[PDB]
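Have a look below at one chain only, the form deposited in one PDB entry, in structure tokens format.
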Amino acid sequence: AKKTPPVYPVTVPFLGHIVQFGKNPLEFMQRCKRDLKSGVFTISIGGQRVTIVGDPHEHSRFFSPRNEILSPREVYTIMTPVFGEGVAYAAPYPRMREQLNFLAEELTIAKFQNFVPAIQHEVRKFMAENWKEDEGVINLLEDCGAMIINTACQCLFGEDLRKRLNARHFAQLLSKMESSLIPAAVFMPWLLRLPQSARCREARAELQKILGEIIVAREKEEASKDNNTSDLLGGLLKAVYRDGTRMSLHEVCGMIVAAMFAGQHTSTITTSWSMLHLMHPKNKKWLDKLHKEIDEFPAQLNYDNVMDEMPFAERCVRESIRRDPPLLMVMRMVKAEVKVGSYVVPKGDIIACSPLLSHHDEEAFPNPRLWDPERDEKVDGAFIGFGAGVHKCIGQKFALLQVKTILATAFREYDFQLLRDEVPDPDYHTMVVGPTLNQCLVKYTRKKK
């Protein structure tokens, strides 16, 4: 407009749109976009301009520019004490970038050969421990939460580390470290100034020492040559920066935390929703097609099995992520002016792009609330559940590898029944959204012949 996108009327100032938003971000966001008559628009939040990019045709405008034009650092300040100053965003873009590459090289399909069997074993344990009986009632959001942390550690943690730490203890440190997070923290740069840092630094420093000790070990076993291991930790130790330096224990600790928090809720939600959708009677044909896919697999899967021969199960997981994205907003700080469609975005704005809003556009996704694994985006790029462009998730392959394997293992040895009429409602209260906890009670039936 030789100017900014349309602005949205504030009835009660100094809050902005903070209240109807928190209740239902989706109901709210859709209202504006229609009423504004524009898929792109600014909202006020605490006197802070927030322009949401909600016309799928424009995602490229959001995801393509460099960090110097659209900076992620600022919206993500709420992460530094969980990762450490100078790690991830706190770290400067050259080194932040460097760091992500390290982690990236650890999560590549190269290192995934032992992963598919490692996952099968660790899921199969859990089932025998908690799904003991012929029939029972468990909470799926909680059981997934535990299977996810279990198999990931089984994958990315070395035997020595997993001995002197277990999944459950580490998960309890994830909860301890994270819970300092309030969603509405990222929208007042004074609130960086805790009744919770002083449990966060304790859980980190407990962890960072433990890892330090673990490193003492491996070195005084290197000349000994007892074993060969290349886990995420060991991978990061061998890490060398461009300028020949290496990661301090603190950076390394944070990166392992960052990797682990990163995947923790997102994929456990993802696994849950998928399970929820599939177990529903409205969705049997899909479960049926799911079975004609996992039916002539042997009880022990290889990397080939999940990767190249489960294409339909991939669709289910993506549709779950499409329908109910776990990260609703992705955000940047508009350091410089960027043109969006027929608008401009002024230096100083907060530009956001919402997987939640986007996945709901009717052109791109007809019946957006209908779960359809065979659906395909009808605008190209509509789906941004793993983000896009410069910042596409690096955990995508891994997340899918887990979830596909889990569904397959778990639907091979069980049936399921939702103790409800309708699939859970998304709970929009957490910074990472999943299905409502208290609705996820489900009843398993151990398959037999």
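A residue's number is simply how far along the shown sequence it sits, counting from 1. So that the term is clear: the rigid core is the largest set of C-alpha atoms that superpose within 1.5 Å between two forms.
Just so it is clear, the following notes concern the form deposited in another entry, a form of the same protein that is not shown.
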**Q.** C-alpha of residue 16 moved at least 2 Å between the shown form and the other one on rigid core
**A.** yes
Q) Is residue 125 one of the residues whose Cα moves 2 Å or more between the shown form and the other one, with the core superposed? A) no
Q. Cα of residue 199 displaced 2 Å or more between the shown form and the other one, core superposed?
A. yes
